[PDB]
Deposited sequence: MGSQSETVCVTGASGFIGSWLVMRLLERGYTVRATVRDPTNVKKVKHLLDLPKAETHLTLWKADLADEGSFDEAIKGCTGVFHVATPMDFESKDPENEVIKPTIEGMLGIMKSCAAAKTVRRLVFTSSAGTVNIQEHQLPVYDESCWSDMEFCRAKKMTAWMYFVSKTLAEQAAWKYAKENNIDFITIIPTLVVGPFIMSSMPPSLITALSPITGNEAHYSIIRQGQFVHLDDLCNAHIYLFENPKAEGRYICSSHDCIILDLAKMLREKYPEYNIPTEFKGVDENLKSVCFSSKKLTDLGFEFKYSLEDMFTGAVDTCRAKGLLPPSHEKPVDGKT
């Protein structure tokens, strides 16, 4: 059958296409610029890309642009998201894009299910942290707007887009699933540095401005995540939002896993404002596992796959 994947040039999108191709789907991968060799080379190099992968130019800002790509699809995987005035440059596009792709799905008449990649930023952005988050939990928009932490506009954009999308999904018998990853970490097929690896390997690179997100962190392996995407597309019992997250630990525990694996790097021992009495916040993937889905990887796997791919590509120095 034929499935569309938006944001195929990205870290999650390209890995998902790979997996969908390996499982024997015919894939329509969307990109905003098909002439960009540094993004399409990696797509066109995937197994079965010659016979089962087609490329489609589309942009979330352009109303109707996903129309033709989606027409004749049985499934859509909406992974793409827009990345000075955030309210209009990021927020509105994301919501409109989202609706735009369900409109395009309905216009298509052939889509049986739409799977949206959401964000942990839709779940736990509030001032007080619960010890365990689940799918009934939603982020606090007034806290986002009033405090404006790093990435606030992506918290707000994805929360609003997913809620706007659920409205539409119930209205129009559009059968909609959402998957909520926490920090996605793993090897990758792209030659640019995955954004979430800038955050995950921050203990190594010393990028302080990324610590807050891993102070109390949650993690999922890219391959577990893509599988979860396909599983949920297929498994017709699937309903609702699904958290996809395999590990949680505070930054001390992360950094401590890393030091032991990577003596080679200058991985600090203590972090500002972080007691060992800091509780870890877990994202419960019970709803997903109760369906039957199983996680195949470990925190160690994630960061090994990551650091190995990053050095191989010259994105990380081999030591400090």
Exercise. Report the unmodelled segments of the deposited sequence as residue ranges counted from 1.
Key: 1-5, 89-92, 330-337
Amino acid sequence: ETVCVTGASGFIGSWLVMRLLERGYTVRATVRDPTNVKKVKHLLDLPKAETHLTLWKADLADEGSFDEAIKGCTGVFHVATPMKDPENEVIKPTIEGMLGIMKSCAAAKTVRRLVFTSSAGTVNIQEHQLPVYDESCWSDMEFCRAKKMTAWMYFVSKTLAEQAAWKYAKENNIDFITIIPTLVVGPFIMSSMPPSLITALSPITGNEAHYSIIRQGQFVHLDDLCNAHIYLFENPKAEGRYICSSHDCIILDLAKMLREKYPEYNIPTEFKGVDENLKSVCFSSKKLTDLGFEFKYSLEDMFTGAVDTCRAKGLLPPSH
From here on, numbers count along this sequence of modelled residues.
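By rigid core we mean the largest C-alpha set that fits within 1.5 Å across both forms.
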Quiz item: Which stretch is less alike in 4 other deposited structures of this protein, 112-120 or 86-94, counting RMS CA distance after the rigid core is superposed?
Solution: 86-94
Exercise. Name the stretch that deviates more in 4 other deposited structures of this protein: 145-153, or 179-187? Use RMS CA distance to the shown form, core superposed.
Key: 145-153
Quiz item: Averaging C-alpha B-factors over each stretch, which comes out higher, 153-161 or 204-212?
Solution: 204-212
Exercise. Give the stretch, out of 57-65 and 267-275, with the larger mean C-alpha temperature factor in the deposited entry.
Key: 267-275
Quiz item: Which one of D140, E135, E171, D223 shows the top CA temperature factor in the record?
Solution: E171
Practice problem: Would you mind finding, among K103, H247, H229, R241, the residue with the largest C-alpha temperature factor in the entry? | Solution: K103
Practice problem: Could you look up the Cα B-factor of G24 in the entry and say which third of the chain it sits in: lowest, middle or highest? | Solution: highest
Quiz prompt | Third of the chain's Cα B-factor distribution that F295 belongs to, per the entry | solution = middle
Quiz item: Lowest, middle or highest third: where is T94 by C-alpha B factor in its chain?
Solution: middle
Quiz item: Lowest, middle or highest third: where is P86 by Cα B-factor in its chain?
Solution: highest
Self-check item: Position of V281 among the chain's modelled residues by C-alpha B-factor, lowest, middle or highest third
Solution: lowest
